[PDB]
Amino acid sequence: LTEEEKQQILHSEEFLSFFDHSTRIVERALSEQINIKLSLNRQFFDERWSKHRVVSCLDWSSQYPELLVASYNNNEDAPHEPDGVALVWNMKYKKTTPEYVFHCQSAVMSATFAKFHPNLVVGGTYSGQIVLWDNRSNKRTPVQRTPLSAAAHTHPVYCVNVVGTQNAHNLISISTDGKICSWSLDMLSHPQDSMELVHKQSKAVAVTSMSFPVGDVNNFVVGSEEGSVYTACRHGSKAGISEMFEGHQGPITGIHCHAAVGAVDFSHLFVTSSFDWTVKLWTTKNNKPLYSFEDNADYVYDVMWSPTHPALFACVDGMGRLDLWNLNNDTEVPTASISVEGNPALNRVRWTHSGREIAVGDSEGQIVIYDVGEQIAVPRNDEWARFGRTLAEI
Amino acid sequence: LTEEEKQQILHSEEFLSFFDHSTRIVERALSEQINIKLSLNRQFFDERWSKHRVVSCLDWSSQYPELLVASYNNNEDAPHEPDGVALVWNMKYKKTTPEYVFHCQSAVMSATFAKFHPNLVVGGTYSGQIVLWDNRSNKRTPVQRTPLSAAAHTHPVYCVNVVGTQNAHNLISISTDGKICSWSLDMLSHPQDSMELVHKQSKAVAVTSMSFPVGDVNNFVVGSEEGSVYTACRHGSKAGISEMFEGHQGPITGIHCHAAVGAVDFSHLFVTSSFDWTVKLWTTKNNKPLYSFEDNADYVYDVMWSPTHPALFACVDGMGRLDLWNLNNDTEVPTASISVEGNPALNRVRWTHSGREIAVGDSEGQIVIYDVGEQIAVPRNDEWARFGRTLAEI
Amino acid sequence: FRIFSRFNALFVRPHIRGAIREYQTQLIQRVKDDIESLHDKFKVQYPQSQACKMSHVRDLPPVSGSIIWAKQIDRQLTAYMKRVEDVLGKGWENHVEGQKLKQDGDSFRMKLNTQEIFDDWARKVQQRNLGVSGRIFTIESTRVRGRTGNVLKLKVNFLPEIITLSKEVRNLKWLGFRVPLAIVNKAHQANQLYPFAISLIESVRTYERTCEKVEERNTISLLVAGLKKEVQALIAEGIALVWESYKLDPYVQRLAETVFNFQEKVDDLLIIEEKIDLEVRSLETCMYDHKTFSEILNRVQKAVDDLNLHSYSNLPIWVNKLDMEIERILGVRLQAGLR
Amino acid sequence: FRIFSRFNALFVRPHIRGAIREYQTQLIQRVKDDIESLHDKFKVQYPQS
Amino acid sequence: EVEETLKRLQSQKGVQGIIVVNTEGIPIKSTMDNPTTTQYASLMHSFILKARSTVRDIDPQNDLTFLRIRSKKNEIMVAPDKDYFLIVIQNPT
Amino acid sequence: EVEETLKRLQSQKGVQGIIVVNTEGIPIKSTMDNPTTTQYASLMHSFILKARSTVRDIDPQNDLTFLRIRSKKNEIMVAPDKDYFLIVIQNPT
């Protein structure tokens, strides 16, 4: 009847026959038989919300790997039209209109999904307020908005990311001023923690990018507008910048830690994409740039490690050329390289959490979802050892 | 109570999917899941389609590495009953009955699968009429038949093959008179190419069987009943016989090029099983035979390279023994040998794809398939190196 | 012999030669036993050996197959002889066992001669005097069982076996045996003319099969009469020709394509014919209703129009007879409904 | 850059140095006007780049 | 074909009896006798209809194409796709 | 051991532990979504009882432990001993 006598009847010792029956049926049911490159994969381009308004940030949902957040910042065509707009794009089905649209009073400059809430979108704007979007709500207006006080950010926020475990989260945000701030995902009325990123005494940092190493939440790497990458400790006695890097003579336009696991650790490795077409495969423990890929006349805008390949990483160009670099294959020429039509200055690249599909932003709003070759995408078991050897080369 | 509706629905033959699925599922239902070096693996003798019947050809399906096609000439037991017997035999679950049967009004000489499509089966008959059959459809009559014309094949056809990839395919067939003809799988009623192979002073070559360098299209190689081996380019800059070989004294029965591909390039090696126990290995760049196979006399029919081991192949004698011959371990004694019981006239040998087992036809129709020792099945880099240096021996 | 083939370096030095001479008698006896086994296998005659039927499957005519088989046996015996000569050294025949072995081998080789069969086959070919010259095809008289009348079945004046003879020549010419020039010319002519003859015979067999299929169903011969007439006209044009000429190839090609078109149109007409007949039979027992009758008539008229657009022959009379039958069935059904 | 960077330490040899950039000086001309094509971007882009 | 089908379906295991059923139950064919074939096959038809309902419960798009019950004294077969309802009487082993 | 049986059953392809259904239609063990599995097991029990009546119509001495309800999506293995009815979801592959 109810769920108490079942426990005792299970504890009863008449189960020899049932155990023999189960063993026989399973052992008889064991046998089973049968009864009988770079490509343009998909598009996304709104017209109501994507007239000019260049792409500014891209992401994928960890919970829902079919979902992408866009961020269209610039408003110059019409002052009366919405200033900031964030569009979300679904992978499961092809449509011409974005699934869901979000409008913010200021210009949205960065955006990302929420890990704790798989039904929530959080993005940074140009004014400096961290902006929420409760997808359950039917209103395009931001649901929760951070104050523009001295406690919170007051400068253009360009990097936002929620980290931690499902039972312990923190939304980290860094603005151009350098004030890092962790909020709780559920409550953003007040900054639950924050401090201003400062180098050697009385030297502010012009932060313009960041990335957290996989797993770690205590220390991370930051890319500054002044071309000098740093490493910072989020929580601890030595909270703040802990490393000075010579880097490159141009502003850092992108950054990313290593994004793979399974073999010998590479979390010490990361790539910075500078403002002079100089991406830098390079590690935290060392201080000198390990390698200095250089080509082109124009310059890069974003670089993303492959979520599965321990060597492959993408590379934006302002000439419209997207190129994937596979270090194990080669170190001088792009392993793959194709140019999108109309040669527009691409602004972002984001890899699908699967690692099998790549995204690229655009200077006119047409996000292009590119597909990669099977051989060029998935690595092998020997791939990690080959990467280790190539790093050991110099 | 119906008396005619069931009778008429039985008379009306809408049983295509019915019979197909019933056949594909009942042999599955043969499984007994009731709750209460060389070694023979599976011996098949169809009592109904192989009673005193000689195997004519053998092929293993690359697309489906469990499907074999076998042929048969006219049956002297009864001419009234269907003469051209074709059989499709499957490796899904054990069964005495063949998976598919097929009839041709003329004696069937050779048969093979199609690389262009994984279901069509194409075979040359004794009347020089290429016969097409669709495995998915349940029919006994040939699906398509090439015209019997002077331009097309008219003499008995003993070799048919598909060259190129699945979007650059071409069905190449040889007639014993010496005609090479190229067809397409979509239409089998007009030769796309047709040319009577000639060596010198306008005399043709009585071609018995042909082969091609693996991984390459065009530049074919043929053997003649006259006791010669020729290299003839299909199209090139000049079609026809390009190179005489000193060859073997007696008729050339089975020819095959090297198949295994590894760190070294050995695609230029040719095995020819003549009528004198003499399985001769040579290379296309040398006019003389390299090594000779001599342990007995009298008609070893055919030899086939193992696709996985570079220095190992198989050859089957007419007196009733198949011997696996390795080059790395030995050069005068077989590395493996076995004889089918009853000492019958074993006709044809075929390595399955990826190797690891062999298929043997017989004059009695009892085809026997069986694996090979693991310690000799798998190759290694040492095998390729020592194989190359054994070529360096002489 | 493999063991010795491993080592041959100081055979010039008469130190290892003592060992090879010590076992020389064993060598000779075992080689003699091997030759005895080979001769025993030879004593199994070629037609009695499965090699004959394998060669028959192998497109090897029996005479040529036997000749080549004997030649290969002789080749293997000579290989044994020279291999013994090489392994033992020069002048093994000087030994009593050596000379005994050599005379056994010579006697076996004499028993293994081959040119006699070639001469016999050539003599038989000359005696029988094979040929193909004559009419394009022959029409003959046969009383086929099942009918009292004498059936004038149409055949082709071409023996299928003649090409086999050519193959014999095509095998014996390179075997080293010279055949008379008349045989060479006859075989070459038959070989070059074979494709036309086989095309004609397959075409006429296909035509006979499809025409007997047509006459099996008398309801369709009236429509197919035009194609039958044109085929008969082509046959009438062809028959007057002598066996060898220069119009052979175009006439053969056009007759073949005409027969193929005839057969395909026959099968299409046949299938649509049983379709129409089945629909008429359904109309016979179809329930009394204007809608169902109109639908049956619409489908029948659509089939008739489909036949019309294919541009067949003799449509109107077939349509008239079909209309007569359908109106008779309609009258019967109307009688049933009225009563 | 790579194609002669493959040499790097090679042209210290007495003959490799004479084997390099004597035959290729015209391709140094070609990379000069490649640099001219490079500055072409700089020529007129200032406020509308 | 009809006779060859039943012959190959029977001699594949020396089956006691199989008849071809292309109609919804009530088959008039017999392999040992009329009753034990016809009534049992109609009963099987009713229960495989209810099985089709059962498998459509979890999702209507699903259909049953293969059904065997192997018990202590009988093994019963039926492979319905639209009207082809198999019957096989066979030993448990 | 119940846990040993659970580990053995979860080793099978597409199987989440062991779920056992009582004569009431309520699974004594919980491994999947409760409402769906309860209704599915209730229909399973109805069908298996009516199939028990089926077999005892002509085979009054037989017991049921095996039945292959397979679709083009998944197969359910149903096995009663006397009161505990094992249901196992397994992929056809």
# chains A, B, ... in the order shown; residues from 1 in each chain; ligands from 1
>>> closest_atom_pairs(of="chain C", to="chain B", cutoff="7 Å", atoms="only C-alpha atoms", output="CSV")
residue,atom,partner,partner_atom,distance
C:72,CA,B:276,CA,6.6
C:76,CA,B:297,CA,6.8
C:171,CA,B:226,CA,6.9
C:174,CA,B:226,CA,6.7
C:195,CA,B:150,CA,5.3
C:196,CA,B:150,CA,6.8
C:199,CA,B:149,CA,6.1
>>> write_last_selection(atoms="C-alpha atoms", output="PDB file, in the first residue's frame")
ATOM      1  CA  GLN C  72      52.605 -27.593 -67.225  1.00  0.00           C
ATOM      2  CA  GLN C  76      57.321 -29.032 -63.476  1.00  0.00           C
ATOM      3  CA  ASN C 171      44.945 -20.411 -77.211  1.00  0.00           C
ATOM      4  CA  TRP C 174      50.568 -18.739 -78.598  1.00  0.00           C
ATOM      5  CA  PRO C 195      29.185 -10.257 -82.045  1.00  0.00           C
ATOM      6  CA  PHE C 196      26.760  -9.739 -84.926  1.00  0.00           C
ATOM      7  CA  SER C 199      23.227 -10.056 -81.238  1.00  0.00           C
TER       8      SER C 199
END
>>> interface_residues(of="chain D", to="chain A", cutoff="12 Å", atoms="only C-alpha atoms", output="list in words")
residues 1, 2, 3, 5, 6, 34, 35, 36, 37, 38, 39, 40, 41, 42 and 49 of chain D
>>> write_last_selection(atoms="C-alpha atoms", output="compact mmCIF listing (two decimals), in the first residue's frame")
# COMPACT_ATOMS: atom_id res chain seq x y z
CA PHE D 1 59.69 35.49 -43.46
CA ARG D 2 59.43 31.76 -42.74
CA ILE D 3 60.76 30.59 -46.09
CA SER D 5 63.76 31.78 -41.73
CA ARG D 6 64.01 28.09 -42.57
CA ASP D 34 53.95 44.96 -50.82
CA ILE D 35 54.88 47.37 -48.02
CA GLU D 36 53.66 50.17 -50.28
CA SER D 37 50.34 48.34 -50.56
CA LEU D 38 50.51 48.16 -46.76
CA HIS D 39 50.81 51.94 -46.39
CA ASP D 40 47.96 52.27 -48.90
CA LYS D 41 45.73 51.47 -45.93
CA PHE D 42 47.37 54.34 -44.04
CA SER D 49 38.88 53.87 -41.01
>>> closest_atom_pairs(of="chain E", to="chain F", cutoff="9 Å", atoms="only C-alpha atoms", output="tab-separated table")
residue	atom	partner	partner_atom	distance
E:36	CA	F:58	CA	9.0
E:40	CA	F:58	CA	8.5
E:43	CA	F:54	CA	7.7
E:44	CA	F:54	CA	8.3
E:47	CA	F:51	CA	7.4
E:50	CA	F:47	CA	7.7
E:51	CA	F:47	CA	7.3
E:54	CA	F:43	CA	6.7
E:55	CA	F:71	CA	8.2
E:57	CA	F:40	CA	7.9
E:58	CA	F:40	CA	7.1
E:62	CA	F:71	CA	6.3
E:63	CA	F:71	CA	6.0
E:64	CA	F:71	CA	5.4
E:65	CA	F:71	CA	6.5
E:66	CA	F:70	CA	6.2
E:67	CA	F:68	CA	5.7
E:68	CA	F:68	CA	5.6
E:69	CA	F:67	CA	4.6
E:70	CA	F:66	CA	5.6
E:71	CA	F:64	CA	5.4
E:72	CA	F:62	CA	5.8
E:73	CA	F:62	CA	6.2
E:74	CA	F:62	CA	8.1
>>> write_last_selection(atoms="C-alpha atoms", output="compact mmCIF listing (two decimals), in the first residue's frame")
# COMPACT_ATOMS: atom_id res chain seq x y z
CA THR E 36 -6.08 -24.33 -32.45
CA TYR E 40 -5.61 -18.76 -31.00
CA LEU E 43 -6.93 -14.15 -29.63
CA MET E 44 -3.36 -13.11 -30.45
CA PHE E 47 -3.99 -8.92 -27.53
CA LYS E 50 -4.21 -4.00 -26.96
CA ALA E 51 -0.40 -4.05 -26.96
CA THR E 54 -0.29 0.12 -24.62
CA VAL E 55 2.77 1.22 -26.59
CA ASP E 57 0.05 5.24 -24.39
CA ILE E 58 3.60 6.38 -23.65
CA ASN E 62 5.45 4.52 -31.35
CA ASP E 63 4.32 1.26 -32.93
CA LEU E 64 5.05 -2.38 -32.14
CA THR E 65 6.89 -4.13 -34.98
CA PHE E 66 8.36 -7.07 -33.04
CA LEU E 67 6.76 -9.25 -30.38
CA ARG E 68 7.95 -12.53 -28.89
CA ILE E 69 7.02 -14.23 -25.63
CA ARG E 70 9.34 -17.07 -24.56
CA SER E 71 7.83 -18.94 -21.61
CA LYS E 72 8.46 -22.27 -19.90
CA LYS E 73 6.57 -24.39 -22.47
CA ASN E 74 5.91 -22.06 -25.42
>>> residues_around(residues="segment 257-265 of chain B", least_positions_apart="3", cutoff="6 Å", atoms="only C-alpha atoms", output="list in words")
residues 213, 214, 269, 270, 307, 308 and 310 of chain B
>>> write_last_selection(atoms="N, CA and C atoms", output="tab-separated table (two decimals), in the first residue's frame")
chain	number	residue	atom	x	y	z
B	213	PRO	N	46.16	-0.07	-58.75
B	213	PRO	CA	46.88	0.40	-57.56
B	213	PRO	C	45.92	1.08	-56.59
B	214	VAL	N	45.94	0.62	-55.34
B	214	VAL	CA	44.99	1.12	-54.36
B	214	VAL	C	45.25	2.59	-54.09
B	269	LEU	N	53.30	-3.15	-55.95
B	269	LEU	CA	53.60	-4.58	-55.93
B	269	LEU	C	52.41	-5.37	-56.44
B	270	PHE	N	52.70	-6.38	-57.26
B	270	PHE	CA	51.69	-7.17	-57.96
B	270	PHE	C	51.90	-8.64	-57.63
B	307	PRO	N	44.45	-6.68	-46.60
B	307	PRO	CA	44.44	-5.21	-46.59
B	307	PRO	C	45.14	-4.60	-45.39
B	308	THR	N	45.27	-5.34	-44.28
B	308	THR	CA	45.93	-4.82	-43.09
B	308	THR	C	47.39	-5.23	-42.99
B	310	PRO	N	50.95	-5.65	-44.51
B	310	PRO	CA	51.63	-5.28	-45.76
B	310	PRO	C	52.40	-6.42	-46.40
>>> atom_distance(atom1="atom CA of residue 311 of chain C", atom2="atom CA of residue 258 of chain C")
15.8 Å
>>> residues_around(residues="residue 35 of chain F", least_positions_apart="5", cutoff="12 Å", atoms="only C-alpha atoms", output="VMD selection string")
(chain E and resid 58) or (chain F and resid 25 to 27 30 40 to 42)
>>> select_by_dssp(residues="segment 28-65 of chain E", states="alpha helix (DSSP H)", output="list in words")
residues 34, 35, 36, 37, 38, 39, 40, 41, 42, 43, 44, 45, 46, 47, 48, 49, 50, 51, 52, 53, 54, 55, 56, 57 and 58 of chain E
>>> write_last_selection(atoms="C-alpha atoms", output="CSV table (one decimal), in the first residue's frame")
chain,number,residue,atom,x,y,z
E,34,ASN,CA,-8.5,-25.4,-37.9
E,35,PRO,CA,-9.4,-24.6,-34.2
E,36,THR,CA,-6.1,-24.3,-32.4
E,37,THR,CA,-4.8,-22.1,-35.3
E,38,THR,CA,-7.8,-19.9,-36.0
E,39,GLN,CA,-9.1,-19.2,-32.4
E,40,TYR,CA,-5.6,-18.8,-31.0
E,41,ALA,CA,-4.6,-16.4,-33.8
E,42,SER,CA,-7.7,-14.3,-33.3
E,43,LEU,CA,-6.9,-14.2,-29.6
E,44,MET,CA,-3.4,-13.1,-30.4
E,45,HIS,CA,-4.8,-10.4,-32.8
E,46,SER,CA,-6.9,-9.0,-30.0
E,47,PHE,CA,-4.0,-8.9,-27.5
E,48,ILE,CA,-1.6,-7.4,-30.0
E,49,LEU,CA,-4.1,-4.7,-30.7
E,50,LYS,CA,-4.2,-4.0,-27.0
E,51,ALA,CA,-0.4,-4.1,-27.0
E,52,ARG,CA,-0.4,-1.5,-29.7
E,53,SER,CA,-2.7,0.7,-27.5
E,54,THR,CA,-0.3,0.1,-24.6
E,55,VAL,CA,2.8,1.2,-26.6
E,56,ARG,CA,0.9,4.2,-28.0
E,57,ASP,CA,0.0,5.2,-24.4
E,58,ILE,CA,3.6,6.4,-23.7
>>> calpha_fit_rmsd(fixed="chain A", moving="chain B")
12.0 Å
>>> closest_atom_pairs(of="chain A", to="chain E", cutoff="12 Å", atoms="only C-alpha atoms", output="CSV")
residue,atom,partner,partner_atom,distance
A:25,CA,E:70,CA,11.1
A:28,CA,E:70,CA,11.4
A:35,CA,E:66,CA,9.9
>>> decode(residues="segment 47-79 of chain C", atoms="N, CA and C atoms", output="PDB file, in the first residue's frame")
ATOM      1  N   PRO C  47      39.999 -35.404 -68.321  1.00  0.00           N
ATOM      2  CA  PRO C  47      38.544 -35.382 -68.100  1.00  0.00           C
ATOM      3  C   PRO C  47      38.137 -35.974 -66.766  1.00  0.00           C
ATOM      4  N   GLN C  48      38.922 -36.901 -66.224  1.00  0.00           N
ATOM      5  CA  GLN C  48      38.654 -37.487 -64.920  1.00  0.00           C
ATOM      6  C   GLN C  48      39.094 -36.594 -63.770  1.00  0.00           C
ATOM      7  N   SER C  49      39.821 -35.518 -64.051  1.00  0.00           N
ATOM      8  CA  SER C  49      40.306 -34.616 -63.021  1.00  0.00           C
ATOM      9  C   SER C  49      39.416 -33.384 -62.943  1.00  0.00           C
ATOM     10  N   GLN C  50      39.236 -32.869 -61.724  1.00  0.00           N
ATOM     11  CA  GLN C  50      38.450 -31.654 -61.540  1.00  0.00           C
ATOM     12  C   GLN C  50      39.087 -30.454 -62.223  1.00  0.00           C
ATOM     13  N   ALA C  51      40.379 -30.534 -62.547  1.00  0.00           N
ATOM     14  CA  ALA C  51      41.026 -29.446 -63.266  1.00  0.00           C
ATOM     15  C   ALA C  51      40.344 -29.189 -64.601  1.00  0.00           C
ATOM     16  N   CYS C  52      39.857 -30.246 -65.253  1.00  0.00           N
ATOM     17  CA  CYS C  52      39.183 -30.074 -66.536  1.00  0.00           C
ATOM     18  C   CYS C  52      37.933 -29.219 -66.390  1.00  0.00           C
ATOM     19  N   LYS C  53      37.089 -29.534 -65.407  1.00  0.00           N
ATOM     20  CA  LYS C  53      35.855 -28.776 -65.247  1.00  0.00           C
ATOM     21  C   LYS C  53      36.137 -27.372 -64.722  1.00  0.00           C
ATOM     22  N   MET C  54      37.174 -27.218 -63.897  1.00  0.00           N
ATOM     23  CA  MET C  54      37.568 -25.880 -63.469  1.00  0.00           C
ATOM     24  C   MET C  54      38.003 -25.032 -64.658  1.00  0.00           C
ATOM     25  N   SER C  55      38.805 -25.609 -65.554  1.00  0.00           N
ATOM     26  CA  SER C  55      39.213 -24.896 -66.757  1.00  0.00           C
ATOM     27  C   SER C  55      38.024 -24.608 -67.661  1.00  0.00           C
ATOM     28  N   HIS C  56      37.056 -25.523 -67.712  1.00  0.00           N
ATOM     29  CA  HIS C  56      35.835 -25.264 -68.465  1.00  0.00           C
ATOM     30  C   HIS C  56      35.102 -24.051 -67.913  1.00  0.00           C
ATOM     31  N   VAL C  57      34.987 -23.961 -66.586  1.00  0.00           N
ATOM     32  CA  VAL C  57      34.467 -22.744 -65.971  1.00  0.00           C
ATOM     33  C   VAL C  57      35.395 -21.574 -66.258  1.00  0.00           C
ATOM     34  N   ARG C  58      36.671 -21.857 -66.506  1.00  0.00           N
ATOM     35  CA  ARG C  58      37.679 -20.831 -66.705  1.00  0.00           C
ATOM     36  C   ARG C  58      37.789 -20.405 -68.163  1.00  0.00           C
ATOM     37  N   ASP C  59      36.775 -20.710 -68.972  1.00  0.00           N
ATOM     38  CA  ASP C  59      36.742 -20.369 -70.395  1.00  0.00           C
ATOM     39  C   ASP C  59      37.866 -21.051 -71.168  1.00  0.00           C
ATOM     40  N   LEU C  60      38.320 -22.203 -70.685  1.00  0.00           N
ATOM     41  CA  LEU C  60      39.354 -22.958 -71.373  1.00  0.00           C
ATOM     42  C   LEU C  60      38.724 -24.164 -72.049  1.00  0.00           C
ATOM     43  N   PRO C  61      38.706 -24.232 -73.375  1.00  0.00           N
ATOM     44  CA  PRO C  61      38.136 -25.397 -74.059  1.00  0.00           C
ATOM     45  C   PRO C  61      38.879 -26.665 -73.682  1.00  0.00           C
ATOM     46  N   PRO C  62      38.179 -27.802 -73.631  1.00  0.00           N
ATOM     47  CA  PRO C  62      38.782 -29.012 -73.043  1.00  0.00           C
ATOM     48  C   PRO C  62      40.062 -29.468 -73.719  1.00  0.00           C
ATOM     49  N   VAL C  63      40.150 -29.373 -75.047  1.00  0.00           N
ATOM     50  CA  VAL C  63      41.362 -29.810 -75.734  1.00  0.00           C
ATOM     51  C   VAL C  63      42.540 -28.930 -75.338  1.00  0.00           C
ATOM     52  N   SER C  64      42.353 -27.612 -75.411  1.00  0.00           N
ATOM     53  CA  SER C  64      43.410 -26.693 -75.007  1.00  0.00           C
ATOM     54  C   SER C  64      43.733 -26.851 -73.530  1.00  0.00           C
ATOM     55  N   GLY C  65      42.711 -27.072 -72.703  1.00  0.00           N
ATOM     56  CA  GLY C  65      42.957 -27.271 -71.286  1.00  0.00           C
ATOM     57  C   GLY C  65      43.821 -28.488 -71.016  1.00  0.00           C
ATOM     58  N   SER C  66      43.507 -29.605 -71.673  1.00  0.00           N
ATOM     59  CA  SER C  66      44.327 -30.802 -71.522  1.00  0.00           C
ATOM     60  C   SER C  66      45.745 -30.559 -72.014  1.00  0.00           C
ATOM     61  N   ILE C  67      45.882 -29.881 -73.154  1.00  0.00           N
ATOM     62  CA  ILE C  67      47.205 -29.640 -73.719  1.00  0.00           C
ATOM     63  C   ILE C  67      48.043 -28.805 -72.761  1.00  0.00           C
ATOM     64  N   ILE C  68      47.465 -27.719 -72.245  1.00  0.00           N
ATOM     65  CA  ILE C  68      48.222 -26.862 -71.345  1.00  0.00           C
ATOM     66  C   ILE C  68      48.515 -27.588 -70.044  1.00  0.00           C
ATOM     67  N   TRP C  69      47.580 -28.410 -69.561  1.00  0.00           N
ATOM     68  CA  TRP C  69      47.819 -29.145 -68.325  1.00  0.00           C
ATOM     69  C   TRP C  69      49.009 -30.085 -68.476  1.00  0.00           C
ATOM     70  N   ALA C  70      49.058 -30.812 -69.595  1.00  0.00           N
ATOM     71  CA  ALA C  70      50.197 -31.686 -69.856  1.00  0.00           C
ATOM     72  C   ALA C  70      51.485 -30.884 -69.983  1.00  0.00           C
ATOM     73  N   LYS C  71      51.422 -29.733 -70.655  1.00  0.00           N
ATOM     74  CA  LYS C  71      52.612 -28.903 -70.801  1.00  0.00           C
ATOM     75  C   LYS C  71      53.115 -28.422 -69.446  1.00  0.00           C
ATOM     76  N   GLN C  72      52.200 -28.056 -68.548  1.00  0.00           N
ATOM     77  CA  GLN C  72      52.605 -27.593 -67.225  1.00  0.00           C
ATOM     78  C   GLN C  72      53.219 -28.725 -66.420  1.00  0.00           C
ATOM     79  N   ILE C  73      52.659 -29.930 -66.540  1.00  0.00           N
ATOM     80  CA  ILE C  73      53.250 -31.078 -65.859  1.00  0.00           C
ATOM     81  C   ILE C  73      54.668 -31.316 -66.360  1.00  0.00           C
ATOM     82  N   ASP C  74      54.862 -31.237 -67.679  1.00  0.00           N
ATOM     83  CA  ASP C  74      56.202 -31.391 -68.240  1.00  0.00           C
ATOM     84  C   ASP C  74      57.135 -30.297 -67.737  1.00  0.00           C
ATOM     85  N   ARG C  75      56.630 -29.067 -67.639  1.00  0.00           N
ATOM     86  CA  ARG C  75      57.436 -27.968 -67.124  1.00  0.00           C
ATOM     87  C   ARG C  75      57.875 -28.235 -65.692  1.00  0.00           C
ATOM     88  N   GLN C  76      56.965 -28.740 -64.861  1.00  0.00           N
ATOM     89  CA  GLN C  76      57.321 -29.032 -63.476  1.00  0.00           C
ATOM     90  C   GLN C  76      58.327 -30.172 -63.392  1.00  0.00           C
ATOM     91  N   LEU C  77      58.181 -31.183 -64.249  1.00  0.00           N
ATOM     92  CA  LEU C  77      59.161 -32.264 -64.273  1.00  0.00           C
ATOM     93  C   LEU C  77      60.541 -31.748 -64.670  1.00  0.00           C
ATOM     94  N   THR C  78      60.597 -30.880 -65.682  1.00  0.00           N
ATOM     95  CA  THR C  78      61.874 -30.307 -66.094  1.00  0.00           C
ATOM     96  C   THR C  78      62.458 -29.431 -64.993  1.00  0.00           C
ATOM     97  N   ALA C  79      61.596 -28.725 -64.260  1.00  0.00           N
ATOM     98  CA  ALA C  79      62.057 -27.949 -63.117  1.00  0.00           C
ATOM     99  C   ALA C  79      62.683 -28.857 -62.070  1.00  0.00           C
TER     100      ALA C  79
END
